[PDB]
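Comments concern the structure below.
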Amino acid sequence: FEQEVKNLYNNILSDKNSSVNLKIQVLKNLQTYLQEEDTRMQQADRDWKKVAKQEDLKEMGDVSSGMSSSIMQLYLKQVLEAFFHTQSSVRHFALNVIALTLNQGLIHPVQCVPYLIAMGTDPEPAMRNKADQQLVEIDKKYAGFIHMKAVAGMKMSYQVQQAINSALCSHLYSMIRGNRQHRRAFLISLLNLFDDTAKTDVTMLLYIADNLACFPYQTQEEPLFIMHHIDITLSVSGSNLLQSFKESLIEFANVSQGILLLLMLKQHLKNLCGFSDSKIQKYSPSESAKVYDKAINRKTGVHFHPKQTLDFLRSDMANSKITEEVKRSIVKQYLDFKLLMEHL
Amino acid sequence: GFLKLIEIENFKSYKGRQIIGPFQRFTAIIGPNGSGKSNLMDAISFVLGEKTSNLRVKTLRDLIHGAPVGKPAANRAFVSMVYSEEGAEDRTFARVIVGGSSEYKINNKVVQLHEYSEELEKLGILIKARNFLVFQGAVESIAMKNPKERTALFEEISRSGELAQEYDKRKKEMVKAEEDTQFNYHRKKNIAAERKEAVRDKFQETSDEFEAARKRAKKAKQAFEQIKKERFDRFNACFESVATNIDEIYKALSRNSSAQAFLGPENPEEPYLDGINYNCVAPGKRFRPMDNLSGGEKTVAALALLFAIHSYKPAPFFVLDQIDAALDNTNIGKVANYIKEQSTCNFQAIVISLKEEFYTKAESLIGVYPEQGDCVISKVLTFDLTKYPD
Amino acid sequence: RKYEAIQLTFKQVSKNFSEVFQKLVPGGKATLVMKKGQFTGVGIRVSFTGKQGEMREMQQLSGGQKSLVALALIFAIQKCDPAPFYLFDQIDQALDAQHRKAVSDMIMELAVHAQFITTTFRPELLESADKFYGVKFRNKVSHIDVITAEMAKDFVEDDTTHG
Amino acid sequence: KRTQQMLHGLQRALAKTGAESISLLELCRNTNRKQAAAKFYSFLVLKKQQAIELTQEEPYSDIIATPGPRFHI
Amino acid sequence: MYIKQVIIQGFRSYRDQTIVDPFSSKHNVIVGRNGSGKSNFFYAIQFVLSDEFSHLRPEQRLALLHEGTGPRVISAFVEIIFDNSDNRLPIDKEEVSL
DNA sequence: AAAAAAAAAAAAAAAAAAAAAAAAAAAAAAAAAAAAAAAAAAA
DNA sequence: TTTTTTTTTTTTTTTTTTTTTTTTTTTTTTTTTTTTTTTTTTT
Ligand SMILES: Nc1ncnc2c1ncn2[C@@H]1O[C@H](COP(=O)(O)OP(=O)(O)NP(=O)(O)O)[C@@H](O)[C@H]1O
Ligand SMILES: Nc1ncnc2c1ncn2[C@@H]1O[C@H](COP(=O)(O)OP(=O)(O)NP(=O)(O)O)[C@@H](O)[C@H]1O
Ligand SMILES: [Mg+2]
Ligand SMILES: [Mg+2]
């Protein structure tokens, strides 16, 4: 509780320190405190009868019990921030501290769900194994929680990947899959809020599209839903843009990359399922719950989305210049756009 | 300002004309069972307007004295307070019932309901919101309220409920326009394909139709975005104020430092459309769902939520009616200490209680006693308590 | 045979209820009326402090009065045909000390038939008890054991502090 | 019953002056807060059982008490 | 009939609750500080003898186990021993256990 | 001659209620392993 | 009367399939209110 110790830890854990042994040492201090306190509490409770007759009935102490909680509330936030470190030992120790905290319920769980989700995409297997197991335990007790922090999850995930360098976050979808409302909402949120009119970084769009194509599906309702809304937005937005370009430019480069990425996602989906355009246009949202219950057949080795999307990102890659070659690439992009709108 | 005094006549077991004494900053209303004090709270709940079902009597005619026994007393009733704020003026609200109907009066001038309401809203009493009247069993209920009702309350208090019909009407308009644009686009595409397979008039028809539909869609889009932005901004302001203050308030009220309370929404892009939930941690225990917690923590949690909601937008007074239903002497002492430490310069608070540890800290008492008759006729008499030690 | 049994037991329960409730409240009276009939419901008519003019219905009463009515009904149905054991949790919270004395004396008389477990936070209700208990909550677990009348009567009222 | 003990206190407090008027301010003249509240509440619970009739004129003023029907004399 | 005593392990906040000196016949009042956990006693007594409690969702069953410290339990058990000396309960013994 | 008080009919509202579709815990069935018990033999 | 292998019966466990049941809006109905409409009284 002392002020100097407080400021000491809250400076070492933050402030972009050169040392990486101080941070490891701090996290190890917290970890050993938590473990030792837990063991002491348990093994001191086990032998009650020797001291029972000499303890009050009207007191019900808390300062010996609540203390272990209070401590965390002074440091917790900083520890969570330490997930975004380039070293690996720091990340491992931070995850150990959080997984010792939560397993005694000391702190409120749904404020450290997003970080615990973005920790689901590390290379080392033991890391994300521990993380995902912690997540399924957080869910199995409390039904709602994960649905509250789902998009912030992916945002933190993308920040983690840009700090380090199937689907990376497929597990999250497996957890949120069951409920029709939840799933539907989540999909619409991510899609409508990231591609249509948000000036998001051209890399986050790539990442979202990669994850939208990779996701494990176990019915037929989901890709048809995605395709349907994709259709509507593509139609309106693309039509407006292309017709204004015909009436008539880096802004075009940006919005064109957006719509093109969305196009290629649609095409990869349609090729991975091989569904007839008639069936797609026939389907409407909430037509019936049980009609599209068939398991989607998958053609082997049709994954061309990664290569294709990287090719079309290499076409742009935030490259605007006062040179003839980019103008040529842009006119080809426009003719390609006409071809895309002509796809049948 | 505050609530100076009220006046009853024939209303719900208060025969004759009598003046309830002037109210100090923090009073208490003691008395033995069946004396009829909690309906005095109903009296306060009747001036400010309240649906009859919450007044624990059907049909609104059984308010007049002596109806539940079988013989009424008159065909009138007359309840009226005198709100007094700084500036040496005094306003007198009333609400008289005749036959079945009810008429409202301000300063002995007949008015219509809407202006009466708006006058109260000017004062600061969101009558339909009901964030400051607690009935006997309501306090426990507030903590366990289903998320939907809590969203309803938070939308009511914050003036973001009036903008509903406009919003979803705009929503339906834009969804229809978008569907029709897609329809026309695909029809034009298939007509183009059937043309290339080889008609002209149909092509131009669907083209012009698609153009008109697009224009209407764009007309719907920005307007929907405008109204949704409005509702979101208002709701979000109110909600963030409540959240920060509930955390601080709960820590202060439990006189500990290991308690948390998280007031969190679902669907955090449009919080007004989905239920909000409330999870609190005990003073010295683990995180458990709200249902599991014992009654003693439940009542402190509900008190925390009430005080936070009030601490966003002020309300001149409370009416607490037996909040100490289940609290032990220590917890009641803590709650009473907080009420005393807050009551001076923040809000007037009038409580009904039985445990002497709650009306001992009080500063002015109002005894309420019965008298035998054709029906139990109640009467009132006051007592000062700021001329005594400890 | 079923209809006949219904009739006789309703009669006995009606009489016992009128007796108990006349005893609990110092002054008043109440009875159980059947509905139209086959039968469809049982209504209750209660009156006190006027004793002849008053004839009430249920929704407009007090905490103490409602709790007294309910307790009267339960004690009646006990006095007709005893049940294995009764467990009361925080029964006395709404009512006042005078009624609490009445309820405790009725418990004291009725004890000799069935087993009674109950909790409370006010002294009067343990005016009549065989053996008390306590519940201590240390190290995030709760234990239960026997205690003596002195420490219990002290904990219930005698101390008023932060511990 | 503490209440009837205080009732005996009332009987003896009245039989000394005989002006059939037990004032409350005097009976609480030299006490602390808790016992003052207790005494006031005791007057109320006594008035319930008709054993005493009490009078109050002004909104904030002393209480004047006098024996009623069931004083038991 | 006459509840002799109760045994609880891992139910709601009772880790390991061995035997207690037996109840009486007349009146056994329980007191305890606010939030101590007296109501869980009656929830045990009702969880065994009354069917209504066991109509909950699987989540509630998962949440009806002492999750305090150390490992997490999986097998809770509540036992009640009472004596039908008056042979009110038909199966003839002196202390029926359930 | 015209303001006022008082009952009655029409209209908005709200709570009991009739209805339908997605979901979910539960009951029934079937196969395999295991565990207690009867039968000829026997000590 | 009591022990043993072999056979016979019970029962127990674990999946898959059917079944009641809870919920989830949506719609309908009915009582309450209240505003207007209708009807004598009086200054
Ligand atoms: N309209 C009425 N006219 C006359 N008496 C009534 C009326 N409504 C209720 N009562 C009775 O008058 C008393 C008022 O009840 P109530 O106001 O609830 O008392 P109380 O203040 O709650 N008692 P308590 O909470 O125990 O201190 C009760 O006896 C009612 O039965
Ligand atoms: N499954 C559980 N595991 C661990 N602790 C639990 C569990 N369920 C409840 N608790 C806690 O155990 C305590 C139970 O309190 P409870 O048994 O309701 O006491 P109480 O005596 O009724 N309080 P009061 O209202 O004064 O009577 C609370 O602190 C709960 O949060
Ligand atoms: Mg009350
Ligand atoms: Mg309790």
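Scheme for the structure tokens: letters A, B, ... for chains in order shown; per-chain residue numbers from 1; ligand numbers from 1 in order shown.
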Using only C-alpha atoms, I'd like every residue of chain E that has an atom within 10 Å of chain B; please write them out as number ranges by chain. E: 12, 32-40, 60, 63-64, 67-68
Any chance you can output those residues with C-alpha atoms as a PDB file, in the first residue's frame?
ATOM      1  CA  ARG E  12     -22.683 -24.064  -1.111  1.00  0.00           C
ATOM      2  CA  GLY E  32     -25.159 -15.407  12.769  1.00  0.00           C
ATOM      3  CA  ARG E  33     -23.548 -12.249  11.394  1.00  0.00           C
ATOM      4  CA  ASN E  34     -25.040 -10.673   8.260  1.00  0.00           C
ATOM      5  CA  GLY E  35     -23.660 -12.591   5.302  1.00  0.00           C
ATOM      6  CA  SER E  36     -22.249 -15.525   7.275  1.00  0.00           C
ATOM      7  CA  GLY E  37     -24.241 -18.174   5.510  1.00  0.00           C
ATOM      8  CA  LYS E  38     -27.052 -19.412   7.681  1.00  0.00           C
ATOM      9  CA  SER E  39     -29.577 -19.690   4.808  1.00  0.00           C
ATOM     10  CA  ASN E  40     -27.401 -22.332   3.128  1.00  0.00           C
ATOM     11  CA  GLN E  60     -26.985 -23.651 -11.719  1.00  0.00           C
ATOM     12  CA  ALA E  63     -22.610 -23.166  -9.717  1.00  0.00           C
ATOM     13  CA  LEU E  64     -23.925 -25.106  -6.710  1.00  0.00           C
ATOM     14  CA  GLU E  67     -15.572 -23.021  -5.409  1.00  0.00           C
ATOM     15  CA  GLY E  68     -13.562 -21.419  -2.608  1.00  0.00           C
TER      16      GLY E  68
END
Within 9 Å of ligand 1, counting only C-alpha atoms (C1' of nucleotides) and all ligand atoms: which residues, as an MDAnalysis selection string? (chainID B and resid 10:15 30:42 56:57 61:69 72 136 321:322 352:354 368 370 375:378) or (chainID C and resid 47:49 56:65 94:96)
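Summary of the local environment: counting only C-alpha atoms (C1' of nucleotides), residues at most 6 Å from residue D:52, other than itself and those fewer than 4 positions away along its chain, are residues 47, 66, 67 and 68 of chain D.
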Expected file: the selected residues, C-alpha atoms, as a PDB file, in the first residue's frame:
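Below you can see selection-v8.pdb, which holds the result:
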ATOM      1  CA  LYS D  47     -51.574   5.348  23.547  1.00  0.00           C
ATOM      2  CA  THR D  66     -53.525  12.059  30.914  1.00  0.00           C
ATOM      3  CA  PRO D  67     -54.905   8.640  31.944  1.00  0.00           C
ATOM      4  CA  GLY D  68     -57.659   7.194  29.806  1.00  0.00           C
TER       5      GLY D  68
END
Only residues of chain D matter here; which ones have an atom within 12 Å of chain C, counting only C-alpha atoms? Give them as a list in words. residues 1, 2, 3, 4, 41, 42, 45, 46, 48, 49 and 50 of chain D
Please return as a PyMOL selection string: the residues of chain D that backbone DSSP assigns to strand (DSSP E or B). chain D and resi 22-23+53-55+64-66
Next, write the just-selected residues to a file, as a short mmCIF file (atom, residue, chain, number, x, y, z; two decimals), in the first residue's frame, keeping N, CA and C atoms as the atom set.
data_model
loop_
_atom_site.label_atom_id
_atom_site.label_comp_id
_atom_site.auth_asym_id
_atom_site.auth_seq_id
_atom_site.Cartn_x
_atom_site.Cartn_y
_atom_site.Cartn_z
N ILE D 22 -48.85 14.59 32.68
CA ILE D 22 -47.45 14.21 32.55
C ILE D 22 -46.91 14.87 31.29
N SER D 23 -46.00 15.82 31.45
CA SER D 23 -45.37 16.46 30.31
C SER D 23 -44.17 15.65 29.85
N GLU D 53 -54.36 9.05 27.09
CA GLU D 53 -54.73 9.96 26.02
C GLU D 53 -53.77 11.13 26.04
N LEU D 54 -53.20 11.46 24.89
CA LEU D 54 -52.19 12.50 24.81
C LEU D 54 -52.65 13.59 23.86
N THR D 55 -52.10 14.79 24.08
CA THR D 55 -52.52 15.99 23.39
C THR D 55 -51.30 16.77 22.92
N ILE D 64 -48.74 16.59 26.20
CA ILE D 64 -49.43 16.57 27.49
C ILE D 64 -50.26 15.29 27.58
N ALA D 65 -50.03 14.50 28.62
CA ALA D 65 -50.62 13.18 28.73
C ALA D 65 -51.54 13.08 29.94
N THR D 66 -52.59 12.26 29.81
CA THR D 66 -53.53 12.06 30.91
C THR D 66 -54.15 10.67 30.84
#
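Neighbours of residue G:32 closer than or equal to 9 Å, with only C-alpha atoms (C1' of nucleotides) counted and sequence neighbours fewer than 3 positions away skipped, come out as residues 59 of chain B; 13 and 14 of chain F.
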If you count only C-alpha atoms (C1' of nucleotides), which residues fall within 8 Å of residue B:272, apart from same-chain ones fewer than 6 positions away, as a list in words? residues 151, 155, 232 and 235 of chain B
Need the shell around residue G:26: protein/DNA/RNA residues with any atom at most 12 Å away, counting only C-alpha atoms (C1' of nucleotides). Skip same-chain ones fewer than 5 positions apart. Format as a VMD selection string? chain F and resid 18 to 21
Selection export as a JSON list (two decimals), in the first residue's frame, atoms kept: N, CA and C atoms (P, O5', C5', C4', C3', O3' and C1' of nucleotides):
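Saved the output as out_26.json:
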[["chain", "number", "residue", "atom", "x", "y", "z"],
["F", 18, "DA", "P", -57.06, -18.12, -22.63],
["F", 18, "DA", "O5'", -57.65, -18.32, -24.10],
["F", 18, "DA", "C5'", -57.99, -17.19, -24.91],
["F", 18, "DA", "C4'", -57.26, -17.29, -26.25],
["F", 18, "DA", "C3'", -56.71, -18.66, -26.61],
["F", 18, "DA", "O3'", -56.91, -18.87, -28.00],
["F", 18, "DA", "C1'", -54.97, -17.11, -26.63],
["F", 19, "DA", "P", -56.40, -20.22, -28.70],
["F", 19, "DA", "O5'", -55.03, -19.83, -29.41],
["F", 19, "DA", "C5'", -54.98, -18.74, -30.33],
["F", 19, "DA", "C4'", -53.59, -18.61, -30.92],
["F", 19, "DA", "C3'", -52.92, -19.93, -31.27],
["F", 19, "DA", "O3'", -52.28, -19.82, -32.53],
["F", 19, "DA", "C1'", -51.50, -18.61, -29.93],
["F", 20, "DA", "P", -51.88, -21.14, -33.35],
["F", 20, "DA", "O5'", -50.37, -20.90, -33.79],
["F", 20, "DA", "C5'", -49.91, -19.61, -34.20],
["F", 20, "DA", "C4'", -48.39, -19.52, -34.11],
["F", 20, "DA", "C3'", -47.64, -20.79, -34.50],
["F", 20, "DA", "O3'", -46.41, -20.44, -35.13],
["F", 20, "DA", "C1'", -47.16, -20.24, -32.26],
["F", 21, "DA", "P", -45.78, -21.36, -36.29],
["F", 21, "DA", "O5'", -44.20, -21.22, -36.07],
["F", 21, "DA", "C5'", -43.63, -19.96, -35.79],
["F", 21, "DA", "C4'", -42.38, -20.10, -34.94],
["F", 21, "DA", "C3'", -41.49, -21.30, -35.25],
["F", 21, "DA", "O3'", -40.14, -20.90, -35.12],
["F", 21, "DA", "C1'", -42.18, -21.42, -33.01]]
Any idea what's packed within 12 Å of residue A:165, counting only C-alpha atoms (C1' of nucleotides), ignoring anything in its chain fewer than 2 positions away? Could you give it as a ChimeraX atom specification? /A:84-87,122-123,158-163
Report as a tab-separated table the residues of stretch 25-104 of chain A within 12 Å of stretch 138-155 of chain A, each with its shortest atom pair and distance in Å (one decimal), using only C-alpha atoms, ordered by chain and increasing residue number.
residue	atom	partner	partner_atom	distance
A:99	CA	A:138	CA	11.1
A:102	CA	A:138	CA	8.9
A:103	CA	A:138	CA	9.6
Using the selection just defined, write its residues with C-alpha atoms as an mmCIF file, in the first residue's frame.
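Written out: result_28.cif:
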data_model
loop_
_atom_site.group_PDB
_atom_site.id
_atom_site.type_symbol
_atom_site.label_atom_id
_atom_site.label_comp_id
_atom_site.auth_asym_id
_atom_site.auth_seq_id
_atom_site.Cartn_x
_atom_site.Cartn_y
_atom_site.Cartn_z
ATOM 1 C CA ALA A 99 -4.407 -16.853 -14.840
ATOM 2 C CA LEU A 102 -8.878 -15.143 -12.252
ATOM 3 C CA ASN A 103 -8.711 -18.704 -10.889
#
Go through E:70, E:46, E:3, E:10 one by one, measure the shortest atom-to-atom distance of each to chain A using only C-alpha atoms, and give the residue with the smallest value. E:70
Considering only C-alpha atoms and all ligand atoms, state which residue in the set C:12, C:66, C:23, C:46 is at the smallest distance from ligand 3. C:66
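Counting only C-alpha atoms (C1' of nucleotides) and comparing F:25, F:3, F:31, F:9, the residue that lies closest to chain E is F:25.
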Shortest interatomic distance to ligand 2 - which of E:45, E:65, E:7, E:56, counting only C-alpha atoms and all ligand atoms: E:65
I'd like the interatomic distance between atom CA of residue A:289 and atom CA of residue A:226, to a tenth of an Å. 16.2 Å
Output as a PyMOL selection string all residues of stretch 2-235 of chain A that backbone DSSP marks as alpha helix (DSSP H). chain A and resi 3-12+21-45+67-81+89-102+114-118+125-141+145-148+151-164+170-176+180-194+202-214+221-235
